[PDB]
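>>> Experimental coordinates for this protein are included below, preceded by the sequence.
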Amino acid sequence: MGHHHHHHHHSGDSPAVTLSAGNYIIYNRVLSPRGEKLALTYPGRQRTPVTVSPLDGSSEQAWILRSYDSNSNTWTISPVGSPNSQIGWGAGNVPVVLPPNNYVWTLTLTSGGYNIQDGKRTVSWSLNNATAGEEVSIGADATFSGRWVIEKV
Ligand SMILES: CO[C@@H]1O[C@H](CO)[C@@H](O[C@@H]2O[C@H](CO)[C@@H](O)[C@H](O)[C@H]2NC(C)=O)[C@H](O[C@@H]2O[C@@H](C)[C@@H](O)[C@@H](O)[C@@H]2O)[C@H]1NC(C)=O
């Protein structure tokens, strides 16, 4: 393991970011048929499934990330417009928004993207039509409907 500056590089062969305590946006690695990003969006109330839609940077499309552990790479996630609650799991194979207790999620970086999984790695966050207005889902991973990208705001 190593690097150099006259016969090697990093800025064109490997990622250049990492997660930290702050405000972020989360969108699918496959965009949408609209020719634009497909990002997590607040469903308009509490105790409902998370939804996915186009992105403009609005208070219902932007989120926060906060650490919970380091031995398990687990964090908590909340919308910037309703941080009095956070993303949780309705036990019905879909994510929901609910007041805080101890609900957490696992994040992973790769050579050209991000991933989002449960605390036991048995499942991953995914979609079924990869289009706006769809409710987010949880199940086995998928090459073009179960991978993500994350950016700081
Ligand atoms: C007190 O510890 C926390 O307890 C809650 C339930 O009150 C756990 O959330 C539940 O986890 C079940 C699987 O372990 C799952 O079937 C159920 O849907 C889920 N309920 C809710 C409302 O999310 C917490 O479990 C962690 O967070 C969830 C979201 C998931 O990622 C799970 O894999 C994690 O272990 C649990 N929190 C902690 C920090 O242990």
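Looks like it came in fine. Numbers count the residues shown, from 1 in each chain.
>>> how about residue 10, what does it touch?
Residue 10 sits next to 3, 16 when contact means C-beta atoms under 8 Å, 6 or more residues apart in numbering. All C-beta atoms are positioned from the backbone trio N, CA, C, and that covers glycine.
>>> can you do 10 Å?
Contact partners of residue 10, counting by C-beta atoms under 10 Å, 6 or more residues apart in numbering, are 3, 4, 16.
>>> In CSV: those, plus distance to residue 46, secondary structure and neighbour count.
Listed next are the contacts of residue 10 as CSV, based on distance: C-beta to C-beta, whole Å; DSSP: H, G, I helix; E, B strand; the rest coil; neighbours: other C-beta atoms under 10 Å:
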residue, distance to residue 46, secondary structure, neighbour count
3, 47, coil, 8
4, 52, coil, 8
16, 36, coil, 7
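>>> I figured residue 75 was touching residue 104, is that so?
Yes. Using C-beta atoms under 10 Å, residue 75 is in contact with residue 104, at 6.6 Å.
>>> Pull up the overlap in contacts between those two.
The contact sets of residue 75 and residue 104 overlap at 68, 69 (C-beta under 10 Å, 6+ apart).
>>> Around the ligand, pick out the residues from the protein.
88, 89, 91, 98, 101, 102, 103, 104, 105, 118, 119, 120 (C-beta under 6 Å from any ligand atom).
>>> Would you convert the residues you listed into a markdown table that also reports neighbour count?
Formatted as a markdown table, those follow (neighbours: other C-beta atoms under 10 Å):
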| residue | neighbour count |
| --- | --- |
| 88 | 21 |
| 89 | 17 |
| 91 | 7 |
| 98 | 16 |
| 101 | 7 |
| 102 | 7 |
| 103 | 18 |
| 104 | 17 |
| 105 | 21 |
| 118 | 16 |
| 119 | 14 |
| 120 | 8 |
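>>> Let's see which of those residues end up in strands.
Judged by DSSP state E, those include 88, 89, 98, 105 as members of strands.
>>> show me what contacts the first one?
With contacts defined as C-beta under 10 Å, 6+ apart, the neighbours of residue 88 are 47, 50, 76-77, 95-105.
>>> and which of these is nearest to residue 146?
Ranked by distance to residue 146 (C-beta to C-beta), those are led by residue 95 at 13.1 Å.
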